[PDB]
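The chain below stands alone and is given as structure tokens, in the form deposited in one PDB entry.
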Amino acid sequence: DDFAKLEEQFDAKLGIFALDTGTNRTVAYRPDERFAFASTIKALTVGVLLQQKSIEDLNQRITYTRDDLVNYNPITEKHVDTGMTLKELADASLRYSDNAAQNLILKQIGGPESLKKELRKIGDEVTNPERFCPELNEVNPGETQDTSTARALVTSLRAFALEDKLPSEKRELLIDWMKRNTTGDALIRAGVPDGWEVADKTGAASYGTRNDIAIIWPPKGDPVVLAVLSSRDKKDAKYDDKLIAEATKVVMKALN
């Protein structure tokens, strides 16, 4: 209803699933509606990379050229002369949403079909990887390639970061990278009080798709895991990061 009102204000469709891991209390709004997952899939991709490698194996250096570079290469364009390690590539993918870094990591785990297989193996029957960066964002309404839902993304994000799809050292690396995300200050982070730690990964795609997935730690107690997904209407629609910030405030009010 506050969520209804936000849809009205931003002329958008919202998808919200949040779970308090301390109480199992939930806040749901279209929790099972599909949205292009966009770059949020970088978080699940690193999850799988970490599963498929020792911490030491992440030190393997990957070489590439301007030919492995795509539309958006913030860190990856600085190091084509020397290459980057897998650890450095996981850092750039998660924290700067480097599309090139994501594509090389995808290559290392075996491309979209193998990502899907590993996602099915951990219990995710909804998230549907099909394509590399950036083609995956171009989703028309009614298609299901490169989509997930807010319920699925929280369940999968929780499985890697918080439960037993990874051992503790690797969960620590995942959560460290995601706590130090640079792309998310005006989204979920802006809807949470200061002093509350947030680990997040953002996405943006056509149809004004604007997403954020996060783990949120209140000083007091167990983490909350949250997906805020949104889309419009128009293919060339703009989004407004404020809608995510405000949705996040409503979620925290409903659980506090």
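From 1 onward, residues are counted along the sequence shown.
Below, we turn to the form deposited with a partner chain bound, even though it does not appear here.
Proximity to its partner chain in the deposited complex, taken as heavy atoms within 4.5 Å, picks out 55 to 63 from the listed stretches 55 to 63, 226 to 234, 201 to 209, 40 to 48. At the 4.5 Å threshold, heavy atoms of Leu69 reach its partner chain in the deposited complex. Of the heavy atoms in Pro141, none are within 4.5 Å of its partner chain in the deposited complex.
Among heavy atoms of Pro167, none comes within 4.5 Å of its partner chain in the deposited complex. Although the partner is absent here, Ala90 sits far enough away that none of its heavy atoms falls within 4.5 Å of its partner chain in the deposited complex.
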